[PDB]
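Trainee: Residue numbers (PDB author numbering), protein chains in the order written: chain A, 1 to 276; chain B, 1 to 99; chain C, 2 to 9. We put the beta carbon where it would ideally sit given N, CA and C, even for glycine.
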Amino acid sequence: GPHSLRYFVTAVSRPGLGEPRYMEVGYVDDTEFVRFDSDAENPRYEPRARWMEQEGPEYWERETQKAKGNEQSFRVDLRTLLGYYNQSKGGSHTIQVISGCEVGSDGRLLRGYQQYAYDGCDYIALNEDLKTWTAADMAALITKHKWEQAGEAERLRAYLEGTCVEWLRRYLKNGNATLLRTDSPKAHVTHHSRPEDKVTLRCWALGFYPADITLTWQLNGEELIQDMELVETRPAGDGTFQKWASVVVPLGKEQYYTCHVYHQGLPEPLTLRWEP
Amino acid sequence: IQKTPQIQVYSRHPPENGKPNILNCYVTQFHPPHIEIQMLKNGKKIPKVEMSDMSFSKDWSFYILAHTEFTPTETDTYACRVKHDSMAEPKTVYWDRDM
Amino acid sequence: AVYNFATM
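1. Express the C-alpha separation of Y85/A and residue 278/A in angstroms, rounding to a whole number.
2. Given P43/A, which residues of its chain have a CB within under 7 Å of its CB, disregarding the five upstream and five downstream residues?
3. Counting only beta-carbon separations shorter than 8 Å, does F56/B have a partner in chain A?
4. Verify whether the separation of the beta carbon atoms of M39/B and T68/B is less than 8 Å.
5. Is it buried or exposed for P250/A, if we count other Cβ within 10 angstroms and need 16 for buried?
6. Return helix, strand or coil for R155/A, following the three-state DSSP convention.
7. Looking at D77/A and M9/C, is the spacing between their C-beta atoms short of 8 Å?
8. Taking the alpha helix (DSSP H) that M39/B belongs to, which residues open and close that run?
9. Against chain A, with Cβ distances strictly below 8 Å, would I22/B count as a contact?
10. If we call anything under 8 Å between Cβ atoms a contact, is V103/A one with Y116/A?
11. Quick check: is the beta carbon of residue 278/A nearer than 8 Å to any beta carbon in chain B?
12. Measuring straight from C-alpha to C-alpha, what distance separates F208/A and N24/B?
13. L23/B bridges to which residues according to DSSP?
14. Taking only three categories from DSSP, how would you classify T8/C?
15. Measure from the alpha carbon of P185/A to the alpha carbon of each residue in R169/A, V199/A, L168/A, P210/A, then state which is nearest.
16. Between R12/B and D238/A, is the Cβ-Cβ spacing less than 8 Å?
17. Buried or exposed for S99/A, going by 16 or more other Cβ atoms inside 10 Å?
18. Enumerate in chain order the residues of its own chain whose CB-to-CB distance from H93/A is below 8 Å, with the five nearest sequence positions on each side excluded.
19. Pick from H260/A, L206/A, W274/A: whose alpha carbon is nearest that of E268/A?
20. For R6/A, list the residues DSSP reports as bridge partners.
21. Roughly how many whole angstroms lie between the Cα atoms of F6/C and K198/A?
22. On a Cα-Cα basis, can you pick out the residue from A40/A, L224/A, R48/A, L172/A that is closest to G1/A?
23. In chain B, which residues lie with their C-beta within 8 Å of the C-beta of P235/A?
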């Protein structure tokens, strides 16, 4: 299947408390693999996945220098945007960027992206053509115009089509035992009493990779998507994921409800019920 | 804009007393990004806590995982306490082994 | 792997 390289970047000002906090967190698919954090004791890019041990010192030096340069750019940006929006120096503000690319199973580019937010709202984004920008407001229109005059989209496109895909391919090769693995969900159902002669049934799916999964509850062959509570699929601390989904049903009738689990590591989807 | 964190506490494996496991506190859907997240064992801060899996959703809200190796015992209670500007007081979510 | 970002 397809694969992605994504960097989540955050710059947050702290007026009165020194320089902004600056972080870059890199993912291949759903797995964290590198990080830079300006608040660390000795700020440098660090491996976050075991297979990144395969890069030499020159990798960590270059990425570190690039991160430190980016940190300085974002510091400047925070001050620039205060001017664009006519805001005071006393308040904290946040810039966010998601930057990366996706390739097909053949390693060829499917999609590139670069999206910016300010204080949690859309600011500017590269369009899917990899040639033009969309600006969400008049401040971002200033940025768009600078980037047009500097040829920024062409520089960015060269990264997305070149560097980004080439490094993604390399990370997938080096990390193949981790990244191309499948860990099958293990499921179970729990049962909780309620007032009013009703009962919560909760279907759990544990230990799975990759993160994409579907959990449904059925009564008499029909999915109950409207009545279900669930959590977003969530990391479990060791590179796997988990999820649950619950439904509220009449006491005495729990035998008629079935949880269904669909995942890459389940040749046939799991069907299960509460086990008294 | 301001979004209140959702706080979820859970173990990697179904808990068995005496068996090593991982405890997680996933703090999600929040803005602004400044936040304090502490994991607690019997009301005391757990020292070795790893922060990981920082990301944002499509609406730019922040997500982050705190986690720690642990070996549950039947008497031990675990919790996650979070301070954020969206909340007047710190919010604590307790690990519910039977969830 | 990471891009060198432009100022805004």
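Mentor: By the coordinates alone:
1. Summary: the structure shown does not reach residue 278/A, with chain A confined to residues 1 through 276, and so no result is reported for it.
2. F36, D37
3. So yes, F56/B belongs to the interface.
4. yes
5. exposed
6. helix
7. yes
8. First-last for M39/B: 36-41, but that is the beta strand (DSSP E), not the alpha helix (DSSP H).
9. yes
10. Judged by their CB atoms, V103/A and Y116/A are not nearer to each other than the 8 Å cut-off.
11. Nothing in the structure corresponds to residue 278/A, since chain A is present only between 1 and 276.
12. 16 Å
13. Partner(s): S11/B, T68/B.
14. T8/C falls in the coil class under three-state DSSP.
15. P210/A
16. yes
17. buried
18. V12, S13, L78, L81, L82, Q87, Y118, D119
19. When only C-alpha atoms are compared, the closest one is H260/A.
20. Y27/A, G100/A
21. In this structure, the straight-line span from the alpha carbon of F6/C to that of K198/A is close to 55 Å.
22. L172/A
23. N24, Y26, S52, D53, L65
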